[PDB]
Number of protein chains: 2
Amino acid sequence: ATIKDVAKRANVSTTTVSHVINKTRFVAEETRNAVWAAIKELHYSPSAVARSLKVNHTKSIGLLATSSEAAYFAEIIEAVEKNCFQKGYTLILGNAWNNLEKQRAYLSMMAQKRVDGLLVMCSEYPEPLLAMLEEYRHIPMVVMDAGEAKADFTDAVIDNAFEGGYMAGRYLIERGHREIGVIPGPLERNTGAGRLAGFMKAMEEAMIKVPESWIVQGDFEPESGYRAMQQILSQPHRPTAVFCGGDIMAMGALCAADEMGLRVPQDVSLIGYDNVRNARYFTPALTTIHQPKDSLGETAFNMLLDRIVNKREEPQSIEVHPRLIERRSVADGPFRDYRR
Amino acid sequence: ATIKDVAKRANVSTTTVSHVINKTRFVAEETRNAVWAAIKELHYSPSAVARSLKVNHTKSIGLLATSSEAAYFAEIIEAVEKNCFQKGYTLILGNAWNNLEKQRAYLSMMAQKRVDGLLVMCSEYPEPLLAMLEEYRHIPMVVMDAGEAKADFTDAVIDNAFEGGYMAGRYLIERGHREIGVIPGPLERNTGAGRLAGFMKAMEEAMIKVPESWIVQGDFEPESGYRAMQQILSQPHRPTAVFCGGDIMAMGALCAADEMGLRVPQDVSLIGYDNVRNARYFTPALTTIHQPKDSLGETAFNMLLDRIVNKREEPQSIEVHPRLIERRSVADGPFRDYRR
DNA sequence: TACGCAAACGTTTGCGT
DNA sequence: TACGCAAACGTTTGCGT
Ligand code: HPA
Ligand code: HPA
């Protein structure tokens with residue numbers, strides 16, 4: 001049915017129907033009842049399409065993600081969605097896989113559907129990507145995963161990935177290790193280069209040099225972890241500890257080690273990053289830096305609703321903070337006792 | 001801008017603008033150009049909201065999931081979304097967590113947003129849930145995870161979870177085991193009771209009795225797996241092999257074993273179910289039954305588009321098929337050599 | 001005091017000529 | 001031959017009385 005149908009069945013104006021449906025003005029009880037009565041028999045469902053046409057807002061948010069399968073991403077997504085729901089919003093999920101065109105498409109479809117705001121999680125931000133985004137400065141949006149603020153027309157949440165890298169390297173140091181290797185994620189990403197550099201700073205501070213044979217690039221996918229660990233323990237001289245850029249990648253590293261008969265951490269200590277929900281059940285239970293995923297979603301959604309409801313103009317940035325989680329994959333290194 | 005704005009800037013009727021924008025009728029080149037010209041300066045973005053008002057379709061599909069974090073679910077979701085995209089559709093993701101009210105809410109918001117169709121993945125289907133769903137028989141929909149066809153007004157894709165349980169138990173049998181334990185998922189779910197029963201049939205066939213001290217209920221969450229494995233290997237008499245209802249749960253089982261110093265599979269063979277993307281990197285690499293996740297999404301989306309575009313009336317059902325993946329978590333059991 | 005009329009949001013399309 | 005007019009989709013709201 002349409003509002004007209006209900007109005008006729010209730011013997012009232014459509015204006016009236018709309019008023020009871022939205023509590024936008026006082027309506028006599030008996031009137032209000034009859035309308036409800038009508039609303040029910042006809043089995044009426046107001047049309048958000050029509051409403052949005054008038055009121056100029058869809059109560060829809062669009063997430064332009066990289067992928068949603070990856071544990072990391074998946075945890076954030078579910079976080080963002082929880083908040084949309086409690087605040088009445090509907091989520092439009094779009095994965096662009098780091099593909100420009102795909103991005104151009106989703107962006108477009110999004111604007112056409114008139115999303116009240118946009119949450120961007122694209123991992124890498126090449127100029128061209130930045131370009132398109134700007135062409136959409138009119139839609140309120142927050143990038144949730146870049147280093148600093150890439151754009152000047154968007155809100156940003158900073159993860160402090162660097163102080164996260166440092167924390168990791170420090171722990172290793174403080175545990176007795178000085179022969180460390182690293183499997184960073186894509187250098188083109190914040191959680192990639194960011195973590196790595198935080199980590200290398202700690203190293204330079206300790207005068208630890210990390211030989212390039214010990215730095216093998218990952219892609220956040222287990223296979224890459226698996227493969228890198230292999231290249232690392234396949235060398236004559238091999239590290240006593242390893243900083244792995246992402247948990248899922250580390251899970252790959254564990255496997256390879258186990259397959260070459262190495263023991264974690266008795267033979268090689270491994271420390272990861274993300275603290276994904278299952279990291280604790282890795283074998284052995286993984287020690288890693290925790291990315292505050294939930295608050296990362298809630299924070300982003302909140303900066304968005306702000307710009308939305310309170311029509312904020314100026315771009316804001318909110319920092320979030322990673323913290324070390326000790327588990328059972330790191331063991332004392334050769335220099336523990338000799339440490340001042 | 002609005003179409004009116006572009007029309008004026010192009011010195012043409014809005015009808016004309018709409019025709020070039022939609023290639024719905026021949027328009028002179030020079031005309032077509034000018035319109036585009038206009039379309040670009042004003043930076044115009046057609047309004048899907050307005051369009052849908054007229055044409056009566058939103059080109060939106062709504063996924064009413066249980067949760068989207070869980071590896072299993074997450075893999076399916078990303079599958080469904082890939083298909084929506086290539087076919088032009090937009091995805092509205094809604095997690096209801098098995099909460100009736102939450103379900104009632106999302107359903108409602110969905111109908112209001114006038115989704116062209118609904119994809120339901122609610123895990124458990126209590127009567128009340130069934131009730132609400134029926135009240136929405138008008139929206140085309142397919143349940144992707146039930147046993148048989150729960151409703152007569154919806155399409156269904158059947159996973160054959162039972163022949164999956166059987167396959168698992170058979171393998172165990174054929175490997176030499178006769179002392180098997182099981183950690184099924186929620187009995188209230190298809191992938192729960194279904195898998196279990198497929199499995200028990202195989203057992204009855206071999207005259208293997210599974211003592212209740214050896215059946216510990218899981219919930220598809222690693223912790224539950226962890227806890228159950230513990231209760232299983234904490235008994236005086238303990239099984240030589242274990243069928244674990246879901247991979248993620250099994251990952252928990254592996255951990256516990258490892259923690260009690262047991263060896264997999266030298267001490268206990270473990271077989272899982274789902275074949276989630278990282279199962280191969282479990283330690284040791286997990287042997288399990290593969291749920292065809294991708295085709296499960298694509299199949300569902302396709303039955304949906306059917307009812308949609310081809311206005312199909314009668315409810316269809318398409319079966320999909322699980323298949324055993326051998327890895328390194330199962331070892332020959334005491335009766336291999338004695339097997340006829 | 002409680003309610004209704006008519007315009008309006010941005011499009012598509014019928015039926016012109 | 002190529003194009004325009006006006007109605008219409010389902011609502012909200014201003015300004016009545
Ligand atoms: O880009 C990423 N992908 C997957 N997991 C991650 N964790 C941090 N960054 C990433
Ligand atoms: O309900 C479920 N939850 C998580 N993983 C699963 N794999 C099969 N069924 C399920």
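Naming: A, B, ... by sequence-line order, numbering from 1 per chain. These numbers come from the heavy atoms of this one structure, side chains and all, not from hydrogens, waters or symmetry mates.
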Item checked: Position toward the 5' end of DNA chain D (nearest nucleotide), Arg114(B) or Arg25(B) -> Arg25(B)
Next item on the list: Based on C1'-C2'-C3'-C4', put the sugar of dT12(D) on the north side (positive) or the south side (negative).
Entry: south
Margin query: Counting the atoms with a prime plus P, OP1 and OP2 as sugar-phosphate, which does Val27(A) contact under 4.0 Å by heavy atoms, base, sugar-phosphate, or nothing?
Written below: sugar-phosphate
Next item on the list: Give, ordered by number, those residues of residues 30-43 of chain B having at least one heavy-atom distance below 4.0 Å to an atom of DNA chain D; if nothing qualifies, reply none.
Entry: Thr31(B)
Item checked: Five-pair end axes of the helix from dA2(C)-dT17(D) to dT17(C)-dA2(D) and the angle they enclose, rounded to 10° -> 30°
Check: Which is true for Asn22(B) with a 4.0 Å heavy-atom rule: it touches a base, it touches only sugar-phosphate, or it touches nothing?
Finding: sugar-phosphate
Item checked: Members of residues 3-19 of chain A that approach DNA chain D, where some heavy atom sits under 4.0 Å away -> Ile3(A), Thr15(A), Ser18(A), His19(A)
Item checked: Full working for side chain to side chain contact (heavy atoms under 4.5 Å, CB included) between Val35(B) and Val27(B) -> CA-CA 10 Å; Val35(B) 165; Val27(B) 179; 5.9 Å; no
Notebook entry, point to check: Do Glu78(B) and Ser67(A) meet the criterion of a side-chain donor-acceptor pair at a distance under 3.5 Å?
Noted result: yes
Checklist line | Distance (rounded to the nearest 0.5 Å) between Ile21(B) CD1 and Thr14(B) OG1 | finding: 10.5 Å
Item checked: Pairs meeting criterion side-chain hydrogen bond (donor to acceptor under 3.5 Å, both in side chains) with involvement of residues 131-152 of chain B, two or more places apart -> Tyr125(B)-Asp145(B), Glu134(B)-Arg137(B), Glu148(B)-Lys150(B)
Notebook entry, point to check: How far does CG of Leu118(B) sit from OG of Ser60(B), to the nearest 0.5 angstrom?
Noted result: 11.0 Å
Next item on the list: Indicate whether any N or O donor in one side chain lies under 3.5 Å from an N or O acceptor in the other, for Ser47(B) and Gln112(A).
Entry: no
Notebook entry, point to check: Could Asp116(A) and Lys59(A) be called an ion pair, given the rule that one side-chain N must be under 4.0 Å from one carboxylate O?
Noted result: no
Notebook entry, point to check: If you walk 5' to 3' along DNA chain C, what is the first nucleotide with an atom under 4.0 Å of a heavy atom in chain A, and what is the last?
Noted result: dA2(C) to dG10(C)
Next item on the list: Drop me the distance from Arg312(B)'s CZ to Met303(B)'s CE, to the nearest 0.5 angstrom.
Entry: 5.5 Å
Next item on the list: Enter the distance from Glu75(B):CD to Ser68(B):OG here, rounded to the nearest 0.5 Å.
Entry: 13.0 Å
Notebook entry, point to check: Does the pair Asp306(A)/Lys311(A) count as a salt bridge with the N-to-O cut at 4.0 Å?
Noted result: no
Notebook entry, point to check: Is any side-chain heavy atom of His57(A) closer than 4.5 Å to a side-chain heavy atom of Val55(A)?
Noted result: yes
Check: How would you list all residue pairs meeting ring pair (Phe, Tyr, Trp, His ring centres under 6.0 Å) that involve residues 79-107 of chain A, not counting sequence neighbours?
Finding: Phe85(A)-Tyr106(B), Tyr106(A)-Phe85(B)
Item checked: Atom NZ of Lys87(B): over 12 foreign heavy atoms under 6.0 Å -> no
